[PDB]
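Chain residues, written in single-letter form:
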Protein chains: 2
Amino acid sequence: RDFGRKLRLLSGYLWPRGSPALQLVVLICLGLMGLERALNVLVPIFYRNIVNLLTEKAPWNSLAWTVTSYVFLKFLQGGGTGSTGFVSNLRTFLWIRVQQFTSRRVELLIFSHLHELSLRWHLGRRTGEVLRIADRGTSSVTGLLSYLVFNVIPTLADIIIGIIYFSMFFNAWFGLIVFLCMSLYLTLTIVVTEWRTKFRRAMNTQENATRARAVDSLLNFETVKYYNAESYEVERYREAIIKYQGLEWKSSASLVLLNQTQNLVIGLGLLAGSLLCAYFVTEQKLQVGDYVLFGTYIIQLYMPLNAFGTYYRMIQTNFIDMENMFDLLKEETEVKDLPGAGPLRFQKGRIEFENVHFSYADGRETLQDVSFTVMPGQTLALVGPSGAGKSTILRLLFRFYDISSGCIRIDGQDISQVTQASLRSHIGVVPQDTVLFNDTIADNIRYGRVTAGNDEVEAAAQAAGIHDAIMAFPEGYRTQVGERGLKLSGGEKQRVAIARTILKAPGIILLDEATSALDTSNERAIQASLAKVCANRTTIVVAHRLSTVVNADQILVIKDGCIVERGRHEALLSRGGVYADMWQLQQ
Amino acid sequence: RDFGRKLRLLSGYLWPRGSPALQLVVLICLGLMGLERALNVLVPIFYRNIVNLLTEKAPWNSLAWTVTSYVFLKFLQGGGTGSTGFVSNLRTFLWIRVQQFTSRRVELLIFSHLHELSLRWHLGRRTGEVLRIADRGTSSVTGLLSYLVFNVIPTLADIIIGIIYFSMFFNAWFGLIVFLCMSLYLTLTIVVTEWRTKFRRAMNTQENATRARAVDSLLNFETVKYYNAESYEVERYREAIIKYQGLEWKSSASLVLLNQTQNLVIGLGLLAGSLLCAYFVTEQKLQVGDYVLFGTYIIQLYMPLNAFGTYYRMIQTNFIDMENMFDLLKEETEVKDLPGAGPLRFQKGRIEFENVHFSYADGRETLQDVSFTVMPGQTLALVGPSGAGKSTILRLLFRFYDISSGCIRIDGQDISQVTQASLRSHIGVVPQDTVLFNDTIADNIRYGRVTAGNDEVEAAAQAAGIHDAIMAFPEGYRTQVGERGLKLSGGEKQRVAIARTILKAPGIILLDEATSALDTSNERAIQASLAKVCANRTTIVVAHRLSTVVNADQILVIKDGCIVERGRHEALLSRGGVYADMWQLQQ
Ligand SMILES: Nc1ncnc2c1ncn2[C@@H]1O[C@H](COP(=O)(O)OP(=O)(O)O)[C@@H](O)[C@H]1O
Ligand SMILES: Nc1ncnc2c1ncn2[C@@H]1O[C@H](COP(=O)(O)OP(=O)(O)O)[C@@H](O)[C@H]1O
Ligand code: VO4
Ligand code: VO4
Ligand SMILES: [Mg+2]
Ligand SMILES: [Mg+2]
């Protein structure tokens, strides 16, 4: 069953592996834990000893030596109540190393997973939820591991010794009944604990949303301030707390009732034997004062079984709380690299389609019967009314989603066979919407080729028509862009983005509605420079202002998921089709 | 004594305020704690008497009655160490209600103080810091309110009893000596810890930036997948762990040294006491065994002081964490209402500028001597090369920032006097870059006037032009736009907002940049339908695509922080000014 798989994987990250130095530190700590109880029991023996020594009034040397030994061992024991003693503390301080290892490995695991799911799962997420799961997750493991070694192993070993012992002290068969009693006690408390899982699960899956209403709301500050707000949002946030309030108060209370009902049954189970002894005593059939054995008997079962019960609840809570993470760690990727493939041989660069169809949700065909080819060194442009499907034709060629029928070829090879890691090398895009890392421009613009020196980056942004404005800034390049990169400007953000790709100097360039959001003037230059410095030719560019693709080699028009009519500029203008109407309306 | 001020705010929310029902639950819990201690001490006396009276002979139902009473007394006892008794659990379960109250009244506080800071602080934040610093704060308060009810108060009360008691048992002046000795002990243990506190702030600050790498990276998938990564992002993420990891190492060890070394003082003190006792016993005056009396006296000084000390370090840690939290509350709004402000009177919406000067950080002038007036019912259009500062002029009229000289008047009235709460109600704005809440279209487009019903919103979006394309979607008005609304489309993401403002129906409108994404055709229709709404309402529109403002009422050109030339389209073109150059190059 499932429990199997979970545990197995869990086998590794629980027990330190591969680093023998941290392999050993668990054992020393375990052994010191073992030594602690023995020392605690041993100390009173020497206390009694010194007592008698005192009694006889022995010479000062022997009594002083015994005093020194006693104080030595009392210091090493630590003194009971708070275990605030040497041998006890050394455990914690030598534990603070192995815990850090297993806390690092879990967290730096799932993070390396969130950057490999396909783009669809990214768009569909809700940032609050995914941000929270990691927080509750890692705490679960770092709690389980620091809880399994201190308590469960010692108690279990002690009780198994207790059952192995006393077998010869009583009859030979006495061990079997004790083992069966322990097993039967265990199996009874299992069925009763299913009263908990439903409420904990409800808590948890309702807590995630009440995080989403926070981080989602705070994320877009400008929208909540433009329209009048700040009294709708606080109110709505409160009304999501009360639900979580009520749903907790059931789960927390349901623990205490289960705790008391566990205790009471054991208490009256022992009271039955006590009343049996009372019946035997008082001259009913005997006056035996055998309470010496019975009084010892109640503790030796009251401690271990209640202790064993009150921990199994803790472990059950920890797994049911963990349960949510496993999912974000098993949702497999989508687009997949066909096992066994290599780099995509690269030549001057020729891309072609043939008979591609693609649908987002099977409700309707987003793209039907697309077919177009481009020769190296030429420029191909798309123009269409909003939503017709300009963005998707470009977004497929970079292989986020996956084709349905037909095929896409780069320079004579399919893209399905070639590994996807290489395909990202030669293709550079500038996105429809730009985002920036919250860091200074100098670090942000070099991000394409980390090796690049501090002169070439200056050379690149100069060709992008942005350099002359930046130097006039106060503080120079050390200026900070600010969160999500809107503090900088309204348009210069686009120019920074367009410099990013120029730095990388890829093979093929896929500008997308890039020239917009600028001004009619600077555009001419960006284009001109981009041209001279066009890197490797083969460029596809989707733009709306027709005054920027007038001289492109080939032009396409997309009405709805299908090519309408194609040609060059002057030749297609006289045709008098829809493109003619767009141009005429664009005065 | 800033500590003086800080405390109040603590006293405000710790002890329940204003709610007598949750006022009472503190006293019941405290009293139950006390009676728990009383039961724990009382039971053995009961047990000893029952054993003695049962021991001899001859019970007549008295043994049974006493045994049953004993069993229930044990049931209420809880058996000491485990606290698994009907008294101990009642404490926790009646503690759940009051704690949750404090946990709420803190978290909902700062969330309503985090939507009132002005815009500049927001553009300067790091989402990691602000999202984390709340989580630590809302844990510190509920943690601190645990100790000052369960642990510290009982121990302090016990010390007060122990010092008032034994005053008749010994000389009266003894209590003064004991009090002075305890104060002297406390005086040293403060100085030893304060060395530690300058060594936790480094940990806590260093954690913030590490959180900054996570959320800020995960906040933009596109820019980390378009180029190649996961061989740089993970690698850099590890580094911001190792630094943190080592810093925690160097901290949490300092607790162990400064917890053991305190013990060694007490151990040496007890060694000195025992050695003096032995020297006195060894026939110095007599073989009197005074050690039995002395040891109990010594343990009296031992435990009510070691316990007092070891509950002084947790308090210090808790105030370090709250110390990092308070700073977010002390910050003040950059702009604040002038006290005693009357709501604005709105007649026709004429707006007037008078010699405004404004800069962001005193490095350079951003706007110089702007002067323009528009009468009601007209259209003003700004056109100029990027970075000149049209966006700032638009952002200023809404009172986000504040002016430096001169004033701006709305309907012949200053805006320095009127409270900002009224001003934002009349004005409608569609932003430069759109954002969306992660919820269905029906929720985002409705957000303008929550009262408005399902009919008016449907009628409204028709004027926008989005209506036809929506129903072609599967699921209609209940589709999901996903996080930050980049799943919808490229163009429609603006048409939604341009419907939102129409729904609010303000007095005056400030379209920042409508026709950037929308294509050419859908434009003409949106412009025509927008005019049909009402010719009376005044609008400010700033558009790079120069076609859309051909026939506006009057036009301004901004070169750099200053007006250049003003006039209507037909007359100004013949002037042959810079506007002529822009238009001619555009054609
Ligand atoms: N992730 C998605 N989820 C739902 N619908 C989508 C998604 N991506 C694209 N679409 C649909 O496909 C169309 C894509 O058109 P697109 O080429 O983006 O238009 P534009 O060129 O204006 O950006 C949109 O109209 C949208 O309805
Ligand atoms: N929040 C800010 N902090 C500092 N400087 C800013 C801020 N916002 C804008 N600026 C500077 O002031 C100018 C504002 O120009 P803006 O009106 O945004 O130009 P555009 O309209 O072309 O986007 C920009 O050049 C930018 O350098
Ligand atoms: O706000 V702009 O950079 O499009 O003038
Ligand atoms: O909405 V667009 O057709 O400019 O990608
Ligand atoms: Mg702007
Ligand atoms: Mg698009």
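Cut-off values and rules
Residues numbered from 1 in each chain as written, not as in the entry; some residues may be left out. Chains lettered and ligands numbered in written order. Heavy atoms only, no water. Residues with missing side-chain atoms left out of burial classes, pairs and counts. Contact = heavy atoms within 4.5 Å. Helix = DSSP H or I, 4+ residues; strand = E, 2+ residues; numbered from the N terminus. Nonpolar A, V, L, I, M, F, W, Y, C, P; charged D, E, K, R; others polar. Near = heavy atom within 4 Å. Polar contact = N/O pair within 3.5 Å; in protein donor to acceptor, adjacent residues only side chain to side chain. Areas by Shrake-Rupley, 256 points an atom, 1.4 Å probe, with all protein chains shown as cover. Least-squares fit on C-alpha atoms. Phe/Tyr/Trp six-rings, centres within 6.5 Å; stacked < 30°, edge-to-face > 60°. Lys NZ or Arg CZ within 6 Å of the ring centre and 35° of its normal. Salt bridge = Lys/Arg side-chain N within 4 Å of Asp/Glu carboxyl O. Buried < 20%, exposed > 50% of the residue type's maximum accessible area, 1.4 Å probe, protein only. Expected span 1.5 Å × (residues − 1). Donors = N, O, S within 2.8 Å, 3.2 Å for Na, K, Ca; no water.

cryo-EM is the method the PDB entry states for this structure, with the resolution given as 3.9 Å.

Asker: Where do I start with the interface of chain B and chain A in this structure?
Answerer: A common way to report how large an interface is uses the accessible area buried once the components associate. Taken together, the contacts link 115 residues of chain B with 109 residues of chain A. With 18 residues, the single largest contributor to the side of chain B that touches chain A is helix α12 (residues 233–281) of chain B. Per-class residue counts for the side of chain B that touches chain A are 52 nonpolar, 33 polar and 30 charged.

Asker: Hey, could you run me through the site of ligand 2 in this one?
Answerer: The full set close to ligand 2 counts 13 residues, and A:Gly490, B:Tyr360, B:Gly387, B:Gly389 and B:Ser391 are the nearest of them. Around ligand 2 the close residues trace back to chains A and B. B:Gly387 is positioned with one of its backbone polar atoms (N or O) 2.7 Å from an oxygen atom of ligand 2. Separating an oxygen atom of ligand 2 from a backbone N or O atom of B:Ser391 is a distance of 2.8 Å. Considered on its own, ligand 2 offers 560 Å² of accessible surface; in the complex 84% of this is hidden by protein. It is helix α15 (residues 390–397) of chain B that contributes the most residues to the shell around ligand 2, 3 residues altogether. Taken together, the residues of the shell around ligand 2 break down into 3 nonpolar, 7 polar and 3 charged.

Asker: In this structure, what is going on with the relation of the copies chain B and chain A? I would like to understand it.
Answerer: What connects the two chain copies is a rotation about an axis and a shift along it. Expressed as a screw operation, the relation of chain B to chain A combines 0.0 Å of axial shift with a rotation of 180°, fitting to an RMSD of 0.8 Å. On the angle and the small slide along the axis, the relation comes out as a two-fold axis. For chain B, the residue whose C-alpha comes nearest the rotation axis is B:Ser516, separated from it by 3.0 Å.

Asker: Would you mind going over the packing of aromatic side chains with me for this structure?
Answerer: Note on aromatic pairs: each is described by the distance of the centres and the angle between the planes. Counted by the stated rule, this structure contains 40 aromatic pairs over all chains. Between A:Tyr279 and A:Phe280 the ring centres are 5.2 Å apart and the planes differ by 55°, which places this aromatic pair in the tilted class. Three or more aromatic residues link up through ring pairs in this structure, and these residues are B:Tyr165, B:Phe166, B:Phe169, B:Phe170 and B:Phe174. Just above the ring of A:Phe400 sits the side chain of A:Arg424; from NZ or CZ to the centre is 6.0 Å. Directly above the aromatic system of B:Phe150 lies the positively charged group of B:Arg91, at a separation of 4.7 Å from the ring centroid.

Asker: Whenever I open this one, the site of ligand 3 confuses me. Can you help?
Answerer: With respect to spatial proximity, the complete set of residues near ligand 3 consists of A:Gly490, A:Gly491, A:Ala517, B:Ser386, B:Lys390, B:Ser391, B:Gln432, B:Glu513 and B:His544. Residues close to ligand 3 are split across chains A and B. Contact between ligand 3 and A:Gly491: an oxygen atom at 2.7 Å from a main-chain N or O atom of the residue. For the shell around ligand 3, the residue count by class is 1 nonpolar, 6 polar and 2 charged.

Asker: Please clarify how the pattern of salt bridges should be interpreted in this entry.
Answerer: Here the idea is simple: oppositely charged side chains can pair when their charged atoms come close. What the rule picks out here adds up to 21 salt bridges over all chains. Note that A:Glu523 and A:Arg545 form a salt bridge whose closest N and O atoms lie 3.1 Å from each other. Remark: A:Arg545 occurs in the loop between β9 (539–542) and β10 (554–557) and A:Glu523 occurs in helix α20 (residues 520–532); sequence separation between them is 22 residues. For B:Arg136, the salt bridge goes to B:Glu207, with nearest N and O atoms at 3.4 Å. Of this pair, B:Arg136 sits in helix α7 (residues 127–150) while B:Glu207 sits in helix α10 (residues 201–218), and the two are 71 residues apart along the sequence. In terms of burial, B:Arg136 and B:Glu207 fall into one category: buried.

Asker: Help me understand the side chain of A:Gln100, please; the structure alone is not making it clear to me.
Answerer: Assignment of secondary structure puts A:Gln100 in helix α5 (residues 98–114). If sequence neighbours within four positions are ignored, A:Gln100 has contacts with B:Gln245 and B:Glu248.

Asker: Teacher, can you tell me more about helix α2 (residues 20–56) of chain A here?
Answerer: Quick reminder: α-helices carry 3.6 residues per turn. Residues three or four places apart thus point the same way. Residue and element names in this part refer to chain A. Over its 37 residues, α2 extends 54 Å from the first C-alpha to the last, a length consistent with the 54 Å expected when each residue adds 1.5 Å. Within α2 the residues assigned to the buried category are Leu-22, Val-25, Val-26, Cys-29, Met-33, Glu-36, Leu-39, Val-43 and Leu-53. As for α2, its buried residues are in contact with α3 (60–77), α4 (86–95), α5 and α7 (127–164). Positive backbone phi, approximately 60°, marks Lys-57, located one or two places after α2.

Asker: In this structure, what is going on with the coordination of the magnesium ion (ligand 6)? I would like to understand it.
Answerer: Around a metal, the ideal angle is 109.5 degrees if four donors adopt a tetrahedral arrangement and 90 or 180 degrees if six donors adopt an octahedral arrangement. All names here are of chain A. Donor atoms from the polypeptide that bind the magnesium ion (ligand 6) are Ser-391 (OG) and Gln-432 (OE1), placed at 1.9 Å. Here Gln-432 lies in the loop between β7 (427–430) and α16 (441–445) and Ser-391 lies in helix α14 (residues 390–397), a separation of 41 residues in the sequence. In this structure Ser-391 comes out as partly exposed when scored by relative accessible area, which is 30%.

Asker: What's the story with the environment of A:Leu156 in this structure? I'm lost.
Answerer: Locating A:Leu156 in the fold gives a position in helix α7. Sequence-wise, A:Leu156 and A:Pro304 are 148 residues apart; in three dimensions their C-alpha atoms are separated by 9.1 Å.

Asker: Explanation requested: unusual backbone geometry in the structure shown.
Answerer: A negative phi angle characterises most non-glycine residues, just as the trans form characterises most peptide bonds. Here A:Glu230, not a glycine, exhibits a phi torsion of approximately 85°, which is positive. Along the polypeptide, A:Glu230 turns up in the loop between α10 (221–226) and α11 (232–280). At B:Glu283, a position not held by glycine, the phi torsion is positive, near 55°. Summarising the element assignment, B:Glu283 is placed in the loop between α12 and α13 (291–310).

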